[PDB]
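**Student:** Sharing a structure with you now.
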Amino acid sequence: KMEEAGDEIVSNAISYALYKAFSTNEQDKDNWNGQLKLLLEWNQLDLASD
Amino acid sequence: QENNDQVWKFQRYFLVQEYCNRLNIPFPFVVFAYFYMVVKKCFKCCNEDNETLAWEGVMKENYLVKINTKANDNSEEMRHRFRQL
Amino acid sequence: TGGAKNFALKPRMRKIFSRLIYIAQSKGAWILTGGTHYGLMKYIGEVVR
Amino acid sequence: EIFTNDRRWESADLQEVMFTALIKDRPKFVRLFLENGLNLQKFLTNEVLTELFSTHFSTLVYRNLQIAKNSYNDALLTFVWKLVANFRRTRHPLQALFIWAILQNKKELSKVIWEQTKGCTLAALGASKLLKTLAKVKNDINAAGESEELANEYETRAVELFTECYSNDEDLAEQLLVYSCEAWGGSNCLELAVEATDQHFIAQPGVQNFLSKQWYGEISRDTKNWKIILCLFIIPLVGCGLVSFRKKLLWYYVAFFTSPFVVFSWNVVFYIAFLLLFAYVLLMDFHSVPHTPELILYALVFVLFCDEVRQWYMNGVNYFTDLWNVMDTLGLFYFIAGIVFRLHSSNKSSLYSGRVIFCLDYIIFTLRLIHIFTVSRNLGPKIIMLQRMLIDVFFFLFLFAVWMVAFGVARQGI
Amino acid sequence: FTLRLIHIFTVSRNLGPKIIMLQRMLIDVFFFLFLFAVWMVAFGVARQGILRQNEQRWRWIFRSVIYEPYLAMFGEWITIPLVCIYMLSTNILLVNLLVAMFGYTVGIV
Amino acid sequence: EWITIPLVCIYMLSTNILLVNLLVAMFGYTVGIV
Amino acid sequence: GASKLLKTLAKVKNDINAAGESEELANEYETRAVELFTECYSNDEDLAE
Ligand SMILES: CC(C)CCC[C@@H](C)[C@H]1CC[C@H]2[C@@H]3CC=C4C[C@@H](OC(=O)CCC(=O)O)CC[C@]4(C)[C@H]3CC[C@]12C
Ligand SMILES: CC(C)CCC[C@@H](C)[C@H]1CC[C@H]2[C@@H]3CC=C4C[C@@H](OC(=O)CCC(=O)O)CC[C@]4(C)[C@H]3CC[C@]12C
Ligand SMILES: CC(C)CCC[C@@H](C)[C@H]1CC[C@H]2[C@@H]3CC=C4C[C@@H](OC(=O)CCC(=O)O)CC[C@]4(C)[C@H]3CC[C@]12C
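Okay, here's the thing in structure tokens:
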């Protein structure tokens, strides 16, 4: 988004895009371990909590 | 009260650098060194730097980025969001 | 990106691309581009250097 | 509007617009042009720089600089004056443009040029020096104060940059700190800061750490002093590994003895031994014929005289500014009077007088040793106070003297 | 023993905000005193050479060169340089004492 | 005979104590002042 | 104990960066412990002692 101008934004957007791609495709969140590992790798706390 | 810390450090620098600039030969034999220099004073008389400069420029760019973002982060109000709303 | 030979070196874009390169370096990723000297790829090459 | 992707820019024929913006003091437009456009190095030419220095250079600033040269000539100021004269009539055009911007006090333009400069910290220190020496000149307080403020701002900017760089890397930062001049000013960053008296830059943890490391040399830092002294007194023992090293026995011993700390300790010990020998000779000496220890004392005095001559050559007239150097030199020359008096076997009065000359010179040598002790102990936050206090005391003493005479005068008349 | 009692008294009275200053000041003073001592010897040495030119006894020389100036205090062309050196030495000793007096003030935060 | 050296040593010690007491009395109020 | 260990590590000086960071962390831990202990002392007297 244009409004977002803070530091550490590219990593968050890339991680969100990768998580969205992994969500619907493949196992479709069949195993929580894989999704948890993927989210932990990029350090996206809010999505992990939510 | 503000400048006491730096002044004495400056004085320590001056004394230490002045002494270090002098020759560091043991005193009893120091004369020999001078004699040798005298010969050199009479007989004779008669890429990597670019890499370091590029690295220093990289650090300068980082510092410029930091100082630029400091002003933006100083404001605690997001007037851009209010204007967008 | 930067198909046109003219690219704008806005501070926002430069910071975004620097962050992207830092992220790639952290994970040791592969950056695929066109390789043309002129344009945004020049900025990519300069940041890589 | 004008700068957009649709309006393709050749960025080759924009030189005239850059020149017009540069001369009219338009820093934001200059930055915008530099964002996407020409190369500042390519654009700059001898003719353009000469025109900038000649036609558009204010006469008031030129007069101020001439006054600075006449009154406050300095190593950097003479070079900058020569450069200005040459252009008014390793090229480093960027440095010349930076100096041109600084002299007219274009803060934003100078900042932009510094950002575009290849070497920044050295340029910042040189700018601080030049602006401070210009501020020393006082024809109008306005410019004299503005230049000083700009110098302080540049000095603090350089301090921030250097501390950030030091935090980044250690060895590369130390190597850059001592980078040789590239004809910018004829001196490195460190000496340039010393000349301008940048307390903030010198009063930095990194510079102090580097100075301490140099003051230890190749001998291991933080190896503890008592170990060093024990090894110094027992020379073979340091070969046993008592004293560590920063990074081959001959190399080890050479590095240990070349460390200026060990050199200073050895010099102090040798001076104490020389004083003890002087004391022994004073009470034991044959008037008719001197013995070998007297000749050894003469040789040591000759060595001290050679060291004093070296100090003179290295320092200059400023050497005599300190009263204690003057006292040491005066005592060394005073010893020669006793040496001459001892040269006469007859004239027992002259022999006794020369003995008295030696006797009195011993005391001043002791005072010199006392001074080195006092300086060594108080090499800390107190040091400045000490020296300042010291000079004050002497004045009062002098004052006291010039009173006694008068009293004595009166007393005589009474 | 009396001096030890005096020290315990002094420590007991000044067991407060001043205490650190006291101890710090104390050590400074001693150094100056030591310095003073290492000057007297030299002066005494010189004095010996000026007065007792002929002396060839180890113990007599030792005693006369050590504790002659202390007794003196307890009790042609030389004058000008002598007074000059006296002024120089007094300058050094006085600045040492004064530095010892204000030593703690600068370091206090 | 031998008294001189220990006598001067104790004189120096006592002078140290008295001088530090006087100096402490001189700056006594400064530290306590707020 | 963390304050003690970090301070004694900071006494060692091979690189100023870590030597200063450890000292700062030690000071932070020391002040945190001070706050905790003063709060506990305010809570109870005999148990705190
Ligand atoms: C009877 C004799 C042999 C005793 C002297 C033994 C030496 C080991 C003494 C004589 C002079 C002393 C030195 C006087 C000056 C200095 C530098 C000093 O450090 C500094 O240079 C400034 C910083 C500071 O220590 O305050 C540390 C002690 C040292 C080596 C002192 C410690 C030990 C020294 C060399
Ligand atoms: C004319 C002859 C017979 C007298 C020579 C004896 C000197 C010891 C007198 C003469 C002039 C005096 C000086 C006149 C001016 C000054 C500078 C003054 O300090 C300052 O004014 C600022 C210096 C600074 O801080 O850098 C301290 C005393 C001093 C050396 C005075 C102290 C003693 C001096 C050198
Ligand atoms: C060699 C013999 C004949 C002389 C012995 C007499 C002592 C009283 C002298 C010798 C060395 C001197 C000392 C050399 C170094 C120091 C430390 C100095 O304080 C400091 O440097 C910092 C100490 C601290 O604050 O912890 C004060 C004087 C003292 C004890 C000096 C005062 C008097 C000493 C102990």
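Residue numbers (this note's numbering), protein chains in the order written: chain C, 40 to 89; chain V, 560 to 644; chain E, 1182 to 1230; chain G, 19 to 432; chain A, 695 to 803; chain H, 36 to 69; chain R, 3 to 51. Even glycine gets a Cβ: it sits at the ideal position worked out from N, Cα and C.
With a threshold of 6 Å (Cβ to nearest heavy atom), would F275(G) be considered close to ligand 3?
**Tutor:** For the purposes of this step, residue 275(G) is identified with residue 257 of the fourth sequence, where counting begins at 1. No.
**Student:** Mind listing which residues have their beta carbon within less than 5 Å of any non-hydrogen atom of ligand 1? Chain order is fine.
**Tutor:** For ligand 1, the selected residues are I247(G), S283(G), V286(G), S394(G), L397(G).
**Student:** Is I237(G) helix, strand or coil by DSSP?
**Tutor:** For this step, residue 237(G) is matched to residue 219 along the fourth sequence. DSSP places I237(G) in strand when its eight states are reduced to three.
**Student:** Out of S394(G), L301(G), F105(G), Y337(G), which one is the CA nearest neighbour of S758(A)?
**Tutor:** Counting from 1 along the fifth sequence, the entry for residue 758(A) is found at position 64. If we check each option's Cα against that of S758(A), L301(G) comes out closest.
**Student:** Using a C-beta to C-beta distance shorter than 9 Å, which residues of chain G count as neighbours of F1188(E)?
**Tutor:** In the third sequence, the residue the question calls residue 1188(E) occupies position 7. Correct list: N23, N54.
**Student:** Any contact between the stretch 30–40 of chain R and the stretch 739–756 of chain A? By contact I mean 3 or more CB pairs, one from each, below 8 Å.
**Tutor:** Output reads no: the stretch 739–756 of chain A does not touch the stretch 30–40 of chain R.
**Student:** Got a sec: which bits of the stretch 11–36 of chain R sit with their beta carbon under 9 Å from any beta carbon on chain G, in order along the chain?
**Tutor:** Within the stretch 11–36 of chain R, the qualifying residues are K13, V14, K15, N16, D17, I18, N19, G22.
**Student:** Suppose contacts are defined by Cβ-Cβ distances below 7 Å. Is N243(G) in contact with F586(V) by that definition?
**Tutor:** For the purposes of this step, residue 243(G) is taken as the residue at position 225 of the fourth sequence. For the purposes of this step, residue 586(V) is taken as the residue at position 27 of the second sequence. For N243(G) and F586(V), no; Cβs fall outside 7 Å.
**Student:** Any idea what DSSP makes of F263(G), helix, strand or coil?
**Tutor:** Translated into positions along the fourth sequence, residue 263(G) becomes position 245. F263(G): strand per DSSP, three-state reduction.
**Student:** Tell me whether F728(A) counts as near ligand 3, meaning its Cβ is closer than 6 Å to at least one heavy atom of that ligand.
**Tutor:** Mapped onto the fifth sequence, residue 728(A) falls at position 34. Because some heavy atom of ligand 3 lies under 6 Å away, the Cβ of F728(A) counts as near it: yes.
**Student:** Does any CB atom of chain E fall closer than 7 Å to the CB of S50(C)?
**Tutor:** For the purposes of this step, residue 50(C) is identified with residue 11 of the first sequence, where counting begins at 1. At least one chain E Cβ lies under 7 Å of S50(C).
**Student:** From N104(G) to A114(G), what does the alpha carbon distance come to, in whole angstroms?
**Tutor:** As a first step, residue 104(G) is located in the fourth sequence; it is residue number 86 there, counting from the start. As a first step, residue 114(G) is located in the fourth sequence; it is residue number 96 there, counting from the start. So the two alpha carbons sit approximately 11 Å from each other.
**Student:** Any heavy atom of ligand 2 within a distance shorter than 6 Å of the CB on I409(G)?
**Tutor:** If you number the fourth sequence from 1, residue 409(G) lands on position 391. Flag set: Cβ of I409(G) near ligand 2.
**Student:** How about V723(A): is its C-beta nearer than 7 Å to some C-beta of chain H?
**Tutor:** Here the question's residue 723(A) lines up with position 29 in the fifth sequence. Chain H contact via Cβ: present.
**Student:** What is the DSSP secondary structure of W27(G), reduced to helix, strand or coil?
**Tutor:** Numbered from its first residue, the fourth sequence carries residue 27(G) at position 9. Looking at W27(G) - three-state DSSP - the assignment turns out to be coil, as it is neither helix nor strand.
**Student:** Using the Cα positions of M618(V) and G144(G), report the straight-line distance between them to the nearest angstrom.
**Tutor:** Along the second sequence, one-based indexing puts residue 618(V) at 59. Along the fourth sequence, one-based indexing puts residue 144(G) at 126. Spanning the two alpha carbons is a distance of roughly 19 Å.
**Student:** Just the Cα atoms here: how many angstroms apart are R1230(E) and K1223(E)?
**Tutor:** Stepping through the third sequence from its first residue, residue 1230(E) is reached at position 49. Stepping through the third sequence from its first residue, residue 1223(E) is reached at position 42. Going from the Cα of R1230(E) to the Cα of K1223(E) covers about 11 Å.
**Student:** Is any beta-carbon of chain G found at less than 7 Å from that of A1210(E)?
**Tutor:** Along the third sequence, one-based indexing puts residue 1210(E) at 29. Cβ-Cβ to chain G under 7 Å: no for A1210(E).
**Student:** State yes or no: is the beta carbon of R49(G) nearer than 7 Å to at least one beta carbon in chain E?
**Tutor:** Here residue 49(G) is taken as the residue at index 31 of the fourth sequence, counted from 1. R49(G) does not count as touching chain E.
**Student:** Please report the Cβ distance between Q83(C) and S54(C), rounded to the nearest whole angstrom; I am assuming they are in contact, meaning their Cβ atoms lie under 8 Å.
**Tutor:** Position 44 of the first sequence holds residue 83(C). Position 15 of the first sequence holds residue 54(C). Contact holds; Cβ gap of about 5 Å.
**Student:** Can you list, in chain order, the residues of its chain whose CB lies under 8 Å from that of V130(G), leaving out five sequence neighbours each side?
**Tutor:** Looking up residue 130(G) in the fourth sequence gives position 112. Closer than 8 Å at the Cβ level, and outside the excluded window around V130(G), lie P45, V48, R49, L52.
**Student:** Could you tell me which of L255(G), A119(G), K100(G) sits nearest to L40(G), measuring between CA atoms?
**Tutor:** Taking the first residue of the fourth sequence as 1, we reach residue 40(G) at position 22. Considering only alpha carbons, the answer is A119(G).
**Student:** Could you tell me which chain V residues have their CB closer than 7 Å to the CB of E42(C), listed as they occur along the chain?
**Tutor:** Residue mapping note: residue 42(C) aligns to position 3 of the first sequence, counting from 1. The answer, in chain order, is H639, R640, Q643.
**Student:** Nearest by alpha-carbon distance to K136(G): which of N609(V), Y622(V), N627(V) is it?
**Tutor:** Sequence index remark: in the fourth sequence, residue 136(G) carries index 118 (1-based). Cα-wise, what sits closest to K136(G) is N609(V).
**Student:** Indicate whether the contact test is met: 3 or more Cβ pairs, each with one atom in the stretch 305–319 of chain G and one in the stretch 276–283 of chain G, closer than 8 Å.
**Tutor:** The answer is no - the stretch 276–283 of chain G does not touch the stretch 305–319 of chain G, with fewer than three Cβ pairs under 8 Å.
**Student:** Please look up how many angstroms separate the CB atoms of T151(G) and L95(G), rounded, as I've assumed it's under 8 Å.
**Tutor:** Taking the first residue of the fourth sequence as 1, we reach residue 151(G) at position 133. Taking the first residue of the fourth sequence as 1, we reach residue 95(G) at position 77. Rounded, the Cβ-Cβ distance is 6 Å, consistent with contact.
**Student:** Considering only the beta carbon of each residue, do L57(H) and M719(A) sit closer than 7 Å?
**Tutor:** As a working mapping, residue 57(H) is identified with position 22 in the sixth sequence. As a working mapping, residue 719(A) is identified with position 25 in the fifth sequence. Taking 7 Å as the Cβ cut-off, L57(H) and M719(A) do not qualify as a contacting pair.
**Student:** Comparing the CB of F725(A) with every heavy atom of ligand 3, is any distance shorter than 6 Å?
**Tutor:** Stepping through the fifth sequence from its first residue, residue 725(A) is reached at position 31. Yes - ligand 3 has a heavy atom lying nearer than 6 Å to the Cβ of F725(A).
**Student:** Alpha carbon to alpha carbon, how far is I246(G) from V256(G)?
**Tutor:** Locating residue 246(G) in the fourth sequence gives position 228, counting from the first residue. Locating residue 256(G) in the fourth sequence gives position 238, counting from the first residue. Using only the alpha carbons, I get a separation of about 8 Å.
**Student:** Give the DSSP-derived three-state secondary structure of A1189(E) in the structure shown.
**Tutor:** The residue you call residue 1189(E) lines up with position 8 of the third sequence. Coil.
**Student:** Flag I774(A) as yes if its beta-carbon sits less than 7 Å from any beta-carbon of chain H, otherwise no.
**Tutor:** Looking up residue 774(A) in the fifth sequence gives position 80. Judged by the 7 Å Cβ criterion, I774(A) is not in contact with chain H.
**Student:** Out of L32(G), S198(G), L70(G), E69(G), point me to the one whose CA is closest to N57(G)'s CA.
**Tutor:** By one-based count along the fourth sequence, residue 57(G) stands at place 39. Checked all of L32(G), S198(G), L70(G), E69(G); the closest Cα to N57(G) is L32(G).
**Student:** Does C377(G) pass the burial test, meaning 16 or more other C-beta atoms within 10 Å, or should it be called exposed?
**Tutor:** If you number the fourth sequence from 1, residue 377(G) lands on position 359. The residue is buried, with at least 16 neighbouring Cβ atoms inside 10 Å.
**Student:** Looking at the structure shown, is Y1219(E) part of a helix, part of a strand, or coil, going by DSSP?
**Tutor:** Taking the first residue of the third sequence as position 1, residue 1219(E) is located at position 38. It is coil, neither helix nor strand.
**Student:** May I have the straight-line CA-CA distance separating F338(G) from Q405(G), to the nearest angstrom?
**Tutor:** In the fourth sequence, residue 338(G) corresponds to position 320, counting from 1. In the fourth sequence, residue 405(G) corresponds to position 387, counting from 1. Approximately 16 Å between the Cα atoms of the pair.
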